[PDB]
$ cat start.cif   # mmCIF, C-alpha atoms and all ligand atoms
data_input
loop_
_atom_site.label_atom_id
_atom_site.label_comp_id
_atom_site.auth_asym_id
_atom_site.auth_seq_id
_atom_site.Cartn_x
_atom_site.Cartn_y
_atom_site.Cartn_z
CA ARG A 45 111.92 65.99 87.11
CA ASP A 46 113.64 69.36 86.54
CA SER A 47 112.71 72.27 88.82
CA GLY A 48 113.30 74.68 90.23
CA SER A 49 115.93 76.35 92.36
CA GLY A 50 117.53 78.63 89.76
CA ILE A 51 121.02 78.40 91.32
CA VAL A 52 124.21 78.18 89.19
CA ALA A 53 127.53 77.50 90.87
CA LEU A 54 130.29 79.54 89.20
CA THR A 55 133.92 78.50 88.63
CA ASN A 56 136.56 81.19 89.08
CA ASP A 57 139.54 81.03 86.70
CA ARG A 58 142.33 83.24 88.17
CA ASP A 59 139.88 86.05 88.93
CA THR A 60 139.73 86.70 85.17
CA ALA A 61 136.50 84.87 84.13
CA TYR A 62 133.54 83.18 85.83
CA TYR A 63 131.60 80.34 84.25
CA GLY A 64 129.03 77.64 84.99
CA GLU A 65 127.44 74.59 83.36
CA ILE A 66 124.34 74.67 81.18
CA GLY A 67 122.69 71.78 79.31
CA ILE A 68 121.45 71.96 75.71
CA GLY A 69 119.21 69.40 74.05
CA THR A 70 117.67 66.14 75.18
CA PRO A 71 119.54 64.24 76.21
CA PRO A 72 121.46 67.24 77.58
CA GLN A 73 124.81 68.32 76.16
CA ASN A 74 126.85 70.11 78.80
CA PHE A 75 128.84 73.30 78.18
CA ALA A 76 130.85 75.66 80.35
CA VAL A 77 129.47 79.13 79.68
CA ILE A 78 130.26 82.63 80.96
CA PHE A 79 127.17 84.47 82.22
CA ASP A 80 127.51 87.92 80.60
CA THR A 81 125.28 90.94 81.29
CA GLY A 82 127.07 92.79 78.46
CA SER A 83 125.77 90.70 75.54
CA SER A 84 122.40 89.07 74.86
CA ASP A 85 122.94 85.87 72.80
CA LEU A 86 123.60 82.31 73.86
CA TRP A 87 126.37 80.65 71.82
CA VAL A 88 128.40 77.42 72.00
CA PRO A 89 130.73 75.49 69.69
CA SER A 90 129.00 73.54 66.91
CA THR A 91 129.80 70.17 65.35
CA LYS A 92 129.71 72.14 62.08
CA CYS A 93 132.86 74.13 63.05
CA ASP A 94 135.92 72.33 61.59
CA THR A 95 138.20 75.26 60.68
CA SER A 96 138.68 76.78 64.15
CA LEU A 97 140.86 75.15 66.81
CA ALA A 98 138.64 76.40 69.63
CA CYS A 99 135.63 74.46 68.39
CA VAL A 100 137.76 71.36 67.87
CA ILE A 101 139.30 71.38 71.39
CA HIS A 102 136.08 72.32 73.24
CA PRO A 103 132.85 70.29 73.53
CA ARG A 104 130.58 70.92 70.54
CA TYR A 105 126.79 70.86 70.20
CA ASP A 106 125.40 68.13 67.91
CA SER A 107 121.87 68.75 66.63
CA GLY A 108 121.54 65.19 65.26
CA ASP A 109 121.61 63.87 68.84
CA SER A 110 118.94 66.19 70.28
CA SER A 111 115.32 65.10 69.90
CA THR A 112 114.09 68.63 70.75
CA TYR A 113 116.31 70.28 68.09
CA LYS A 114 114.54 72.53 65.58
CA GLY A 115 116.57 73.93 62.70
CA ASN A 116 116.69 77.65 61.93
CA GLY A 117 119.85 78.57 60.02
CA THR A 118 119.82 82.38 60.26
CA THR A 119 123.48 83.43 60.18
CA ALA A 120 125.00 85.82 62.71
CA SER A 121 128.32 87.55 63.39
CA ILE A 122 129.71 88.89 66.67
CA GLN A 123 132.94 90.87 67.04
CA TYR A 124 135.26 89.91 69.92
CA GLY A 125 138.16 92.34 70.05
CA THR A 126 140.01 92.27 66.74
CA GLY A 127 138.41 89.02 65.54
CA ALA A 128 134.91 87.64 65.78
CA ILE A 129 132.66 84.64 66.21
CA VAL A 130 130.41 83.49 63.37
CA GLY A 131 127.60 80.95 63.19
CA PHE A 132 123.91 80.25 62.67
CA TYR A 133 120.85 80.13 64.90
CA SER A 134 119.22 76.99 66.26
CA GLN A 135 116.48 76.20 68.75
CA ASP A 136 116.58 73.63 71.57
CA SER A 137 115.91 73.21 75.29
CA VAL A 138 118.34 74.80 77.72
CA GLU A 139 118.74 73.80 81.40
CA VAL A 140 120.25 76.58 83.54
CA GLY A 141 120.01 76.33 87.34
CA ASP A 142 117.75 73.28 86.88
CA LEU A 143 115.25 75.50 85.04
CA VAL A 144 114.38 73.90 81.68
CA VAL A 145 113.89 76.85 79.35
CA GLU A 146 111.93 75.52 76.39
CA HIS A 147 112.47 76.50 72.73
CA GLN A 148 115.55 78.71 73.20
CA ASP A 149 117.22 80.29 70.18
CA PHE A 150 121.00 80.20 70.38
CA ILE A 151 123.99 80.38 68.02
CA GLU A 152 125.95 77.34 66.86
CA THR A 153 129.37 78.82 66.06
CA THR A 154 131.06 78.11 62.73
CA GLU A 155 134.28 80.07 63.40
CA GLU A 156 135.95 81.42 66.55
CA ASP A 157 138.93 83.72 67.04
CA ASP A 158 141.58 81.36 68.45
CA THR A 159 143.52 84.18 70.12
CA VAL A 160 140.79 84.74 72.72
CA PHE A 161 139.09 81.34 72.92
CA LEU A 162 141.74 78.65 72.38
CA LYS A 163 142.99 78.46 75.97
CA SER A 164 139.66 79.46 77.54
CA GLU A 165 138.39 77.17 80.28
CA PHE A 166 134.86 78.12 79.23
CA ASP A 167 133.26 76.97 75.96
CA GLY A 168 130.56 79.58 75.40
CA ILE A 169 128.70 82.71 76.57
CA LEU A 170 125.11 83.00 77.85
CA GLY A 171 124.07 86.60 77.31
CA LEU A 172 121.99 88.23 80.04
CA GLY A 173 121.48 91.63 78.41
CA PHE A 174 118.40 92.92 76.62
CA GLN A 175 117.04 91.75 73.26
CA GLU A 176 117.86 94.95 71.31
CA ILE A 177 121.58 94.07 71.28
CA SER A 178 121.16 90.43 70.19
CA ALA A 179 122.71 89.65 66.79
CA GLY A 180 119.46 88.34 65.31
CA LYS A 181 117.24 89.97 67.96
CA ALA A 182 116.77 86.52 69.49
CA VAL A 183 114.65 86.29 72.65
CA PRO A 184 117.30 85.97 75.38
CA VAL A 185 117.35 83.10 77.89
CA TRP A 186 116.26 85.30 80.80
CA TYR A 187 113.25 86.59 78.86
CA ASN A 188 112.15 83.04 78.13
CA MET A 189 112.64 82.18 81.81
CA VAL A 190 110.33 85.04 82.81
CA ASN A 191 107.89 84.11 80.02
CA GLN A 192 107.68 80.43 81.01
CA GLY A 193 107.14 81.34 84.67
CA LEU A 194 110.28 79.60 85.90
CA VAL A 195 111.25 82.26 88.50
CA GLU A 196 109.42 83.70 91.51
CA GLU A 197 111.07 87.14 91.27
CA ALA A 198 111.90 89.09 88.12
CA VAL A 199 115.53 89.62 89.19
CA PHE A 200 118.82 87.75 88.89
CA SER A 201 121.95 88.34 90.94
CA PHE A 202 125.70 87.62 91.21
CA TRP A 203 128.13 86.75 93.95
CA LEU A 204 131.67 86.61 92.52
CA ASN A 205 134.31 85.25 94.89
CA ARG A 206 137.52 87.27 94.51
CA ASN A 207 139.64 84.98 96.69
CA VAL A 208 141.08 82.59 94.10
CA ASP A 209 142.41 80.29 96.86
CA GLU A 210 138.92 79.27 98.00
CA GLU A 211 136.86 76.48 96.46
CA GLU A 212 133.64 78.40 95.72
CA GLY A 213 134.20 80.55 92.64
CA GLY A 214 130.87 82.35 92.93
CA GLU A 215 127.14 81.97 92.59
CA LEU A 216 124.52 83.23 90.14
CA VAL A 217 120.87 83.20 91.19
CA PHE A 218 117.98 83.25 88.71
CA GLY A 219 114.77 84.53 90.27
CA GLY A 220 116.06 85.89 93.56
CA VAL A 221 118.99 87.06 95.67
CA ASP A 222 121.18 85.01 98.02
CA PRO A 223 121.05 86.81 101.40
CA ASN A 224 124.20 84.95 102.52
CA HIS A 225 126.43 87.02 100.14
CA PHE A 226 125.72 90.67 100.99
CA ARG A 227 125.42 92.89 104.06
CA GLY A 228 123.36 96.03 104.48
CA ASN A 229 121.17 97.44 101.74
CA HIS A 230 121.49 97.54 97.96
CA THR A 231 121.68 100.96 96.28
CA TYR A 232 119.29 100.96 93.31
CA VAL A 233 119.62 103.06 90.14
CA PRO A 234 117.14 102.80 87.25
CA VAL A 235 118.03 101.56 83.77
CA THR A 236 118.65 104.52 81.45
CA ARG A 237 118.91 102.91 78.00
CA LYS A 238 117.39 99.48 77.38
CA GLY A 239 119.65 97.01 75.60
CA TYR A 240 122.45 97.29 78.04
CA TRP A 241 122.36 97.11 81.79
CA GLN A 242 123.00 100.84 81.77
CA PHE A 243 122.47 103.52 84.42
CA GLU A 244 123.48 107.08 85.29
CA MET A 245 126.71 107.53 87.25
CA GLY A 246 128.14 110.57 89.03
CA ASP A 247 131.67 111.84 89.46
CA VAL A 248 134.70 109.52 89.72
CA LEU A 249 137.04 110.41 92.59
CA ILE A 250 140.82 109.83 92.61
CA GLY A 251 141.93 110.02 96.19
CA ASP A 252 139.64 112.60 97.74
CA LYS A 253 138.75 114.96 94.88
CA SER A 254 137.19 115.09 91.48
CA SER A 255 138.18 113.84 88.05
CA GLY A 256 135.84 116.53 86.70
CA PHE A 257 135.12 114.57 83.54
CA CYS A 258 132.14 112.61 84.93
CA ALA A 259 130.92 115.24 87.42
CA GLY A 260 128.22 116.24 84.91
CA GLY A 261 126.80 112.71 84.72
CA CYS A 262 128.36 109.73 82.94
CA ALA A 263 126.84 106.46 81.79
CA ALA A 264 127.84 103.02 83.03
CA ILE A 265 127.18 99.34 82.44
CA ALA A 266 127.44 96.40 84.87
CA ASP A 267 129.05 93.73 82.67
CA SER A 268 129.58 90.39 84.37
CA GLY A 269 131.55 89.22 81.31
CA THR A 270 134.45 91.70 81.76
CA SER A 271 137.09 91.59 84.47
CA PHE A 272 138.60 95.06 84.29
CA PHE A 273 137.20 98.54 84.51
CA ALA A 274 137.04 100.50 81.26
CA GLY A 275 136.32 104.21 81.05
CA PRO A 276 137.09 107.42 79.14
CA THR A 277 140.74 108.18 78.48
CA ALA A 278 140.27 111.58 80.14
CA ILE A 279 139.71 109.84 83.50
CA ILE A 280 141.97 106.81 82.94
CA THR A 281 144.83 109.21 82.17
CA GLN A 282 144.54 110.89 85.57
CA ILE A 283 144.25 107.52 87.34
CA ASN A 284 147.41 106.31 85.61
CA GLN A 285 149.35 109.28 86.97
CA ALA A 286 148.09 109.14 90.57
CA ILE A 287 148.89 105.40 90.57
CA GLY A 288 152.34 105.43 88.95
CA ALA A 289 151.51 103.58 85.76
CA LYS A 290 153.68 103.38 82.65
CA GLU A 297 148.61 96.40 75.60
CA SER A 298 148.43 96.90 79.36
CA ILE A 299 149.56 99.27 82.12
CA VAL A 300 152.08 98.28 84.79
CA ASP A 301 153.50 99.12 88.23
CA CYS A 302 153.91 97.16 91.50
CA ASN A 303 155.21 97.20 95.11
CA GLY A 304 153.55 100.57 95.74
CA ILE A 305 150.01 99.24 95.84
CA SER A 306 149.48 100.19 99.49
CA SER A 307 150.59 103.78 98.79
CA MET A 308 148.05 104.19 95.96
CA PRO A 309 144.70 105.93 96.48
CA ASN A 310 141.27 104.37 96.54
CA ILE A 311 139.06 105.08 93.54
CA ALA A 312 135.37 105.75 94.15
CA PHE A 313 132.33 105.78 91.87
CA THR A 314 129.28 107.85 92.81
CA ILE A 315 126.19 105.70 92.21
CA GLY A 316 122.83 106.74 93.65
CA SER A 317 124.43 109.61 95.62
CA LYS A 318 126.72 107.17 97.42
CA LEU A 319 130.43 106.45 97.18
CA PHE A 320 131.40 102.95 96.13
CA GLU A 321 135.12 102.82 96.87
CA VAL A 322 137.61 100.43 95.25
CA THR A 323 140.97 99.99 96.93
CA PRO A 324 144.35 99.43 95.23
CA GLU A 325 144.18 95.79 96.37
CA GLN A 326 140.93 95.39 94.41
CA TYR A 327 141.80 97.27 91.20
CA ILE A 328 145.41 96.11 90.67
CA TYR A 329 145.74 92.66 89.09
CA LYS A 330 148.80 90.61 90.02
CA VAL A 331 149.96 88.26 87.26
CA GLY A 332 153.03 86.92 89.09
CA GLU A 333 153.48 85.66 92.66
CA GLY A 334 156.81 86.63 94.23
CA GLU A 335 159.17 89.45 93.30
CA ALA A 336 159.27 88.63 89.58
CA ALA A 337 155.51 89.25 89.75
CA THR A 338 153.78 91.70 87.42
CA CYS A 339 151.21 94.11 88.83
CA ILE A 340 148.84 95.47 86.20
CA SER A 341 146.21 98.21 86.43
CA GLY A 342 142.57 97.25 85.97
CA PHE A 343 141.62 100.68 84.60
CA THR A 344 141.73 100.36 80.80
CA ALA A 345 140.92 103.26 78.48
CA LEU A 346 137.94 102.95 76.16
CA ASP A 347 135.95 105.78 74.59
CA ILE A 348 132.40 104.83 73.61
CA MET A 349 129.62 107.38 73.29
CA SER A 350 125.94 106.94 74.06
CA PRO A 351 122.96 109.32 73.94
CA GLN A 352 123.38 109.42 77.76
CA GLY A 353 127.07 110.36 77.63
CA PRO A 354 130.41 108.53 77.63
CA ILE A 355 130.19 104.99 78.95
CA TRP A 356 131.93 103.25 81.83
CA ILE A 357 132.21 99.47 81.91
CA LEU A 358 132.23 98.10 85.47
CA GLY A 359 133.38 94.48 85.32
CA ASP A 360 134.12 91.74 87.83
CA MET A 361 136.60 93.89 89.78
CA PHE A 362 133.59 96.00 90.78
CA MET A 363 130.94 93.26 90.97
CA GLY A 364 133.24 91.19 93.18
CA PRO A 365 133.31 93.58 96.14
CA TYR A 366 129.77 94.73 95.33
CA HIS A 367 127.00 92.16 95.21
CA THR A 368 124.91 93.06 92.17
CA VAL A 369 121.18 92.59 91.52
CA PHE A 370 119.74 92.95 88.02
CA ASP A 371 116.12 93.83 88.58
CA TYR A 372 114.34 93.30 85.25
CA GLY A 373 110.83 93.73 86.67
CA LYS A 374 111.58 97.23 87.92
CA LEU A 375 114.34 98.04 85.32
CA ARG A 376 116.99 98.85 87.90
CA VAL A 377 120.38 97.67 89.15
CA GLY A 378 121.40 97.43 92.78
CA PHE A 379 124.78 97.12 94.48
CA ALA A 380 125.51 96.13 98.08
CA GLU A 381 128.65 95.40 100.06
CA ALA A 382 129.46 91.70 99.38
CA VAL A 383 130.38 89.09 101.97
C1 LIG B 1 115.54 82.08 63.58
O1 LIG B 1 115.90 82.73 64.78
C2 LIG B 1 115.79 84.15 64.74
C3 LIG B 1 116.40 84.67 66.03
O2 LIG B 1 115.57 84.39 67.15
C4 LIG B 1 114.32 84.52 64.56
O3 LIG B 1 114.17 85.93 64.47
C5 LIG B 1 113.60 86.51 65.65
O4 LIG B 1 112.56 85.74 66.20
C6 LIG B 1 112.08 86.27 67.45
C7 LIG B 1 111.14 85.25 68.04
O5 LIG B 1 110.01 85.02 67.20
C8 LIG B 1 111.45 87.63 67.21
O6 LIG B 1 111.12 88.19 68.47
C9 LIG B 1 109.72 88.41 68.69
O7 LIG B 1 109.25 89.52 68.00
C10 LIG B 1 107.83 89.78 68.14
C11 LIG B 1 107.54 91.09 67.44
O8 LIG B 1 108.28 92.12 68.09
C12 LIG B 1 107.38 89.79 69.65
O9 LIG B 1 105.97 89.64 69.71
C13 LIG B 1 108.06 88.69 70.53
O10 LIG B 1 107.88 89.01 71.91
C14 LIG B 1 106.93 88.13 72.54
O11 LIG B 1 107.43 86.81 72.75
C15 LIG B 1 108.50 86.64 73.75
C16 LIG B 1 108.71 85.11 73.96
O12 LIG B 1 108.80 84.48 72.69
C17 LIG B 1 108.16 83.18 72.61
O13 LIG B 1 107.69 82.83 71.30
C18 LIG B 1 108.73 82.76 70.26
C19 LIG B 1 108.10 82.23 68.98
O14 LIG B 1 109.15 81.61 68.20
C20 LIG B 1 109.94 81.88 70.70
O15 LIG B 1 111.05 82.18 69.86
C21 LIG B 1 110.35 82.09 72.17
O16 LIG B 1 111.20 81.04 72.54
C22 LIG B 1 109.15 82.13 73.09
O17 LIG B 1 108.57 80.81 72.94
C23 LIG B 1 108.16 87.44 75.08
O18 LIG B 1 109.30 87.54 75.93
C24 LIG B 1 107.67 88.85 74.75
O19 LIG B 1 107.46 89.62 75.94
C25 LIG B 1 106.46 88.78 73.85
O20 LIG B 1 105.52 87.95 74.55
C26 LIG B 1 104.16 88.13 74.12
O21 LIG B 1 103.73 87.10 73.26
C27 LIG B 1 103.86 85.73 73.80
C28 LIG B 1 103.32 84.75 72.78
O22 LIG B 1 104.06 84.88 71.59
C29 LIG B 1 103.11 85.60 75.15
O23 LIG B 1 103.45 84.36 75.75
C30 LIG B 1 103.46 86.77 76.10
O24 LIG B 1 102.73 86.68 77.32
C31 LIG B 1 103.32 88.16 75.41
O25 LIG B 1 101.90 88.38 75.18
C32 LIG B 1 109.53 88.56 70.21
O26 LIG B 1 110.12 89.79 70.64
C33 LIG B 1 112.47 88.56 66.55
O27 LIG B 1 111.82 89.77 66.17
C34 LIG B 1 113.08 87.90 65.32
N1 LIG B 1 114.15 88.72 64.78
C35 LIG B 1 114.00 89.45 63.67
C36 LIG B 1 115.21 90.22 63.22
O28 LIG B 1 112.94 89.51 63.06
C37 LIG B 1 113.81 83.89 63.27
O29 LIG B 1 112.42 84.15 63.12
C38 LIG B 1 114.08 82.38 63.23
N2 LIG B 1 113.78 81.85 61.91
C39 LIG B 1 113.10 80.72 61.71
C40 LIG B 1 112.92 80.31 60.27
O30 LIG B 1 112.64 80.07 62.63
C1 LIG B 2 117.49 99.58 104.03
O1 LIG B 2 116.45 99.55 103.05
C2 LIG B 2 115.10 99.43 103.52
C3 LIG B 2 114.24 99.54 102.28
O2 LIG B 2 114.21 98.31 101.58
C4 LIG B 2 114.78 100.50 104.58
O3 LIG B 2 113.54 100.20 105.22
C5 LIG B 2 112.39 100.92 104.72
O4 LIG B 2 112.30 102.28 105.07
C6 LIG B 2 111.23 102.96 104.40
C7 LIG B 2 111.32 104.42 104.79
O5 LIG B 2 111.63 104.59 106.17
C8 LIG B 2 109.88 102.33 104.73
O6 LIG B 2 108.94 102.84 103.79
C9 LIG B 2 107.88 103.64 104.35
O7 LIG B 2 106.95 102.88 105.10
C10 LIG B 2 105.69 103.53 105.37
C11 LIG B 2 104.87 102.63 106.28
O8 LIG B 2 104.66 101.37 105.65
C12 LIG B 2 103.59 100.68 106.33
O9 LIG B 2 102.30 101.02 105.88
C13 LIG B 2 102.02 100.66 104.50
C14 LIG B 2 100.65 101.21 104.16
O10 LIG B 2 100.73 102.64 104.18
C15 LIG B 2 102.14 99.14 104.33
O11 LIG B 2 102.00 98.79 102.95
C16 LIG B 2 103.53 98.66 104.85
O12 LIG B 2 103.62 97.25 104.78
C17 LIG B 2 103.81 99.17 106.27
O13 LIG B 2 102.87 98.50 107.12
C18 LIG B 2 105.03 103.84 104.02
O14 LIG B 2 103.71 104.31 104.21
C19 LIG B 2 105.90 104.91 103.36
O15 LIG B 2 105.29 105.44 102.16
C20 LIG B 2 107.30 104.36 103.10
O16 LIG B 2 107.15 103.42 102.03
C21 LIG B 2 109.90 100.81 104.56
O17 LIG B 2 108.75 100.25 105.17
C22 LIG B 2 111.14 100.20 105.19
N1 LIG B 2 111.23 98.79 104.87
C23 LIG B 2 111.70 97.88 105.73
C24 LIG B 2 111.78 96.47 105.22
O18 LIG B 2 112.07 98.19 106.85
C25 LIG B 2 115.87 100.57 105.64
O19 LIG B 2 115.61 101.66 106.51
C26 LIG B 2 117.24 100.73 104.99
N2 LIG B 2 118.28 100.77 106.01
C27 LIG B 2 119.21 101.72 106.06
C28 LIG B 2 120.21 101.61 107.17
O20 LIG B 2 119.24 102.64 105.25
#

$ encode --input "start.cif" --output "structure tokens"
Amino acid sequence: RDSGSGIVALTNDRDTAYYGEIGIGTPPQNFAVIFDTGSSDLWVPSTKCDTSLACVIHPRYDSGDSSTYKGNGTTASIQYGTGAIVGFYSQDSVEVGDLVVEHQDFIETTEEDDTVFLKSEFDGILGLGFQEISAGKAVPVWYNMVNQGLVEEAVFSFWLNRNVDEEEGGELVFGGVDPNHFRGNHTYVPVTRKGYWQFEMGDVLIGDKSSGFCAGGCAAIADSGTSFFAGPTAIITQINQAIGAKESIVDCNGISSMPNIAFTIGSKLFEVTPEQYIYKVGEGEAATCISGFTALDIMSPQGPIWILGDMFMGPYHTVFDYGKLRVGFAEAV
């Protein structure tokens, strides 16, 4: 018997990535998978991938051992940074949060860029975005969940633990919201373009006044798969100066003197402190403090795009409300 809580416990790897276990096939084949609101496919290493080290060192899906496996074979290609992942589609049963999602299309990977995925603790990615941005326009896991009636509410939500010393890395809830992990109300903004979890954002404040560049209305995406913030160079440039910044972007030891950065979502200020937006790769005084604000210029018909990753979704409990097409943020506890 498999039903029906919808809870997934998340592992936190040095605040950089969050992953949980899913099962594919019967009998189930277990994979560590990042839950990613920025992409829409499910993919895992395949037994048919013999030229990439990542597939060889990670657990691999074997269709010959699944009695529910149904061949497809449609090829697909997904760019990850400079390289890419490549594979073909298959169908099988997927168990996420003890919900058995029947006939799920997913990608068996044939090749993986070893620079990103060789030393990953996770094996795959479970995409939680919309169908429009799936490689083969596959029906995403969450849509099948909704379609099979496996959830009481048409929302899913994230608690990401930012304290890497604790034992709970985080928690992802399919079909509800865990009231233990936020305080006060969520602020809800509607989805502006449907493929991405995308909404309208206001002006970005450095210290107490305006960056000007987003005061006319920017676009932004909640992407559980990214750690760092990414936004237009025109704003990132100003942030770099007010912080003392110099591949990456460095400083340190002046964190407490830096200003808070604040995003204006739903006519409210969501503030991020230096402690929350500076990443610390070291530990002592040979430590390396790195800025989480990376420059990235992508257009959309709604304006230049901000990516708000785990550094934002950590302090701000995030609800993805599919039934009302809206995203909500609340102060996390
Ligand atoms: C190899 O894989 C690729 C990648 O997936 C296949 O190419 C894609 O296949 C999908 C699925 O057929 C295509 O999406 C559909 O497009 C339809 C036309 O827009 C649309 O009606 C579909 O939306 C409905 O269904 C989903 C749920 O899908 C169920 O049924 C399919 C059948 O295979 C399964 O794949 C799923 O697991 C699931 O069982 C709902 O979420 C959606 O809201 C729609 O639901 C209506 O219909 C349901 C009954 O069908 C009913 O239950 C609902 O209440 C509602 O009335 C879906 O978007 C996609 O277009 C296609 N890609 C391309 C580029 O064409 C490829 O076909 C496959 N190849 C082989 C050889 O198998
Ligand atoms: C945190 O968020 C909460 C929202 O989730 C806030 O509480 C809500 O506040 C609004 C506005 O004050 C209330 O909405 C109004 O309620 C009246 C009366 O509702 C009653 O009658 C209707 C039938 O007409 C019935 O369906 C209801 O069940 C009630 O019996 C409506 O007529 C108005 O049009 C309007 O919707 C919400 O009711 C209220 N919700 C809750 C759960 O309290 C809360 O104030 C926020 N807190 C802070 C600090 O901002």

$ residues_near_point --input "start.cif" --point "(131.9, 78.2, 64.2)" --cutoff "10 Å" --atoms "only C-alpha atoms" --output "PyMOL selection string"
chain A and resi 87-100+104+129-132+151-157

$ residues_near_ligand --input "start.cif" --ligand "ligand LIG 1 (chain B)" --cutoff "9 Å" --atoms "all atoms listed in the file" --output "VMD selection string"
chain A and resid 114 to 119 132 to 135 145 to 151 175 178 to 192

$ residues_near_ligand --input "start.cif" --ligand "ligand LIG 2 (chain B)" --cutoff "9 Å" --atoms "only C-alpha atoms and all ligand atoms" --output "list in words"
residues 228, 229, 230 and 231 of chain A

$ residues_around --input "start.cif" --residues "residue 201 of chain A" --least-positions-apart "3" --cutoff "6 Å" --atoms "all atoms listed in the file" --output "PyMOL selection string"
chain A and resi 216-217+221+368-370

$ residues_near_point --input "start.cif" --point "(117.1, 77.8, 87.6)" --cutoff "7 Å" --atoms "all atoms listed in the file" --output "compact mmCIF listing (two decimals) with C-alpha atoms, in the coordinates of the input"
# COMPACT_ATOMS: atom_id res chain seq x y z
CA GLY A 48 113.30 74.68 90.23
CA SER A 49 115.93 76.35 92.36
CA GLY A 50 117.53 78.63 89.76
CA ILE A 51 121.02 78.40 91.32
CA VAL A 140 120.25 76.58 83.54
CA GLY A 141 120.01 76.33 87.34
CA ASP A 142 117.75 73.28 86.88
CA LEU A 143 115.25 75.50 85.04
CA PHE A 218 117.98 83.25 88.71

$ closest_atom_pairs --input "start.cif" --of "segment 56-136 of chain A" --to "segment 309-332 of chain A" --cutoff "10 Å" --atoms "only C-alpha atoms" --output "Markdown table"
| residue | atom | partner | partner_atom | distance |
| --- | --- | --- | --- | --- |
| A:58 | CA | A:331 | CA | 9.2 |
| A:59 | CA | A:329 | CA | 8.8 |
| A:60 | CA | A:329 | CA | 9.3 |

$ residues_around --input "start.cif" --residues "segment 333-347 of chain A" --least-positions-apart "2" --cutoff "10 Å" --atoms "all atoms listed in the file" --output "PyMOL selection string"
chain A and resi 271-281+283-284+287-290+297-305+324+326-331+349+354-359+361

$ residues_around --input "start.cif" --residues "residue 259 of chain A" --least-positions-apart "2" --cutoff "8 Å" --atoms "only C-alpha atoms" --output "list in words"
residues 246, 247, 248, 254, 255, 256, 257, 261 and 262 of chain A

$ residues_around --input "start.cif" --residues "residue 234 of chain A" --least-positions-apart "2" --cutoff "7 Å" --atoms "only C-alpha atoms" --output "short mmCIF file (atom, residue, chain, number, x, y, z; two decimals) with C-alpha atoms, in the frame of the given file"
data_model
loop_
_atom_site.label_atom_id
_atom_site.label_comp_id
_atom_site.auth_asym_id
_atom_site.auth_seq_id
_atom_site.Cartn_x
_atom_site.Cartn_y
_atom_site.Cartn_z
CA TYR A 232 119.29 100.96 93.31
CA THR A 236 118.65 104.52 81.45
CA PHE A 243 122.47 103.52 84.42
CA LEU A 375 114.34 98.04 85.32
CA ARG A 376 116.99 98.85 87.90
CA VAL A 377 120.38 97.67 89.15
#

$ atom_distance --input "start.cif" --atom1 "atom CA of residue 138 of chain A" --atom2 "atom CA of residue 72 of chain A"
8.2 Å

$ residues_around --input "start.cif" --residues "residue 224 of chain A" --least-positions-apart "2" --cutoff "12 Å" --atoms "only C-alpha atoms" --output "ChimeraX atom specification"
/A:202-203,214-215,217,221-222,226-228,367,381-383

$ atom_distance --input "start.cif" --atom1 "atom CA of residue 225 of chain A" --atom2 "atom CA of residue 61 of chain A"
19.0 Å

$ closest_residue --input "start.cif" --among "A:170, A:363, A:68, A:86" --to "residue 113 of chain A" --atoms "all atoms listed in the file"
A:68

$ decode --input "start.cif" --residues "segment 280-304 of chain A" --atoms "C-alpha atoms" --output "CSV table (one decimal), in the first residue's frame"
chain,number,residue,atom,x,y,z
A,280,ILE,CA,24.3,43.5,-10.0
A,281,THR,CA,26.9,46.2,-10.9
A,282,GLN,CA,25.5,48.6,-8.3
A,283,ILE,CA,25.3,45.8,-5.7
A,284,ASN,CA,28.9,44.9,-6.3
A,285,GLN,CA,30.0,48.4,-5.5
A,286,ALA,CA,27.9,49.0,-2.4
A,287,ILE,CA,29.2,45.6,-1.1
A,288,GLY,CA,32.9,45.9,-1.9
A,289,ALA,CA,33.2,43.1,-4.5
A,290,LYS,CA,36.1,42.6,-6.9
A,297,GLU,CA,33.9,33.1,-12.4
A,298,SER,CA,32.7,34.6,-9.1
A,299,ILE,CA,32.8,37.7,-7.0
A,300,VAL,CA,34.7,38.0,-3.7
A,301,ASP,CA,35.1,40.0,-0.5
A,302,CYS,CA,34.9,39.0,3.2
A,303,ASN,CA,35.3,40.3,6.8
A,304,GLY,CA,33.0,43.3,6.1
